[PDB]
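Below you'll find only one chain, the form deposited without this ligand, shown as structure tokens.
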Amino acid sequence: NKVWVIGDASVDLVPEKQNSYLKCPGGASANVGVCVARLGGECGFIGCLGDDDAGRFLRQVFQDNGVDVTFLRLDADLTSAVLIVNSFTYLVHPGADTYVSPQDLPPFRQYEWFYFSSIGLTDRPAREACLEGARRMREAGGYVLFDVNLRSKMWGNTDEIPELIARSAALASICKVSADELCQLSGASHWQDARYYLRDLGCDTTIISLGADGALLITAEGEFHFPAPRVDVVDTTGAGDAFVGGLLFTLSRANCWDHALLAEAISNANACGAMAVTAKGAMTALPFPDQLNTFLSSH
């Protein structure tokens, strides 16, 4: 089954040595898509980019990794998001990614998967492309994986975040969130005190990522833990997106998901999340099957 990813695809600049930046493909949605694609999964990226260097550059990268770019529009009037990794400094302000709209959306088939995060909900057009998209995919008989990726910083009014999150989860089939983002959401301090924020918000199934700990599968049969492999932190940047990638790659393998499948999925997610931090770039270390298992077992 195809996994549709919609959202941001930037050009992350990672300080190599204090007088020289490193150029590596970036963006939540992008990363997630390249991840799923690298694992041989069938993934299509939906979104907007500038017909500029970063744009074509990023578009090429998508192709090099096997991601379908049939629905990736490049606009020689917009400026593809560039950023400086540190914390995240967002050079390009509006960002061509925010211009996606309901029309850039493709026909969804039954059982396919739709992905998006808080990021894509930030600005005008894109926000409607995400919610309209989610709704359509559900009507088509597909699934939606909403990953609350909280980058509040780049939001105009932090007043909207809860509402979008809320109706976002209503639309979701599965919600992914970090321990960290939970607290920040409903003014918590310890996440457990709010590890139902999403469930009590319409999402019957929520996955909570936890440092190098692993995750937490919350379905009605109960809470389940999956330990994360012993990592060696080089650049955390991209762990979460890698986590979602390995997660969607696993679910697309079938037509209906259950605890059984969710666990195999989460196991895969944790693995990918671990790996992706062993390099210097959101997607540099995203595994290929030949590499996924050399690690799986090896841990």
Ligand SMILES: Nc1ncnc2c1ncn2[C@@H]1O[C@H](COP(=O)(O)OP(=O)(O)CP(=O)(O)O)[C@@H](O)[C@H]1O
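Note that residue numbering begins at 1 and tracks the sequence as displayed.
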property: Residue 158-residue 159 interval: deposited residues absent from the model; result: none
property: Of 289 to 297 and 2 to 10, the stretch whose C-alpha atoms average the higher B-factor in the entry; result: 289 to 297
property: 191 to 199 versus 140 to 148 - greater average Cα B-factor per the deposited record; result: 191 to 199
property: Residue, from 134, 175, 100, 74, that the PDB entry assigns the highest Cα B-factor; result: 74
property: Highest-ranked of 258, 241, 232, 264 once sorted by CA temperature factor in the record; result: 232
property: Chain third (lowest, middle, highest) by recorded CA B-factor, residue given as residue 276; result: lowest
property: Assigned third (lowest, middle, highest) for the C-alpha B factor of residue 171; result: lowest
property: Residue 225, C-alpha B-factor rank within chain (lowest, middle or highest third); result: middle
property: B-factor third for the C-alpha atom of residue 83 within its chain; result: lowest
property: Third of the chain's Cα B-factor distribution that residue 56 belongs to, per the entry; result: middle
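Below, we refer to the form deposited with this ligand bound, which is not included among the displayed structures.
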property	result
Non-hydrogen atom within 4.5 Å of this ligand in the bound PDB entry for each of 210, 233 and 240	yes
Partner proximity in the bound PDB entry: residue 274 to this ligand, non-hydrogen atom cutoff 4.5 Å	yes
Touches this ligand in the bound PDB entry: residue 149 (any heavy atom, 4.5 Å)	yes
Any non-hydrogen atom of residue 181 within 4.5 angstroms of this ligand in the bound PDB entry	yes
Touches this ligand in the bound PDB entry: residue 194 (any heavy atom, 4.5 Å)	no
Partner-proximal stretch of 98 to 106, 67 to 75, 223 to 231, 128 to 136 relative to this ligand in the bound PDB entry, 4.5 angstroms, heavy atom	223 to 231
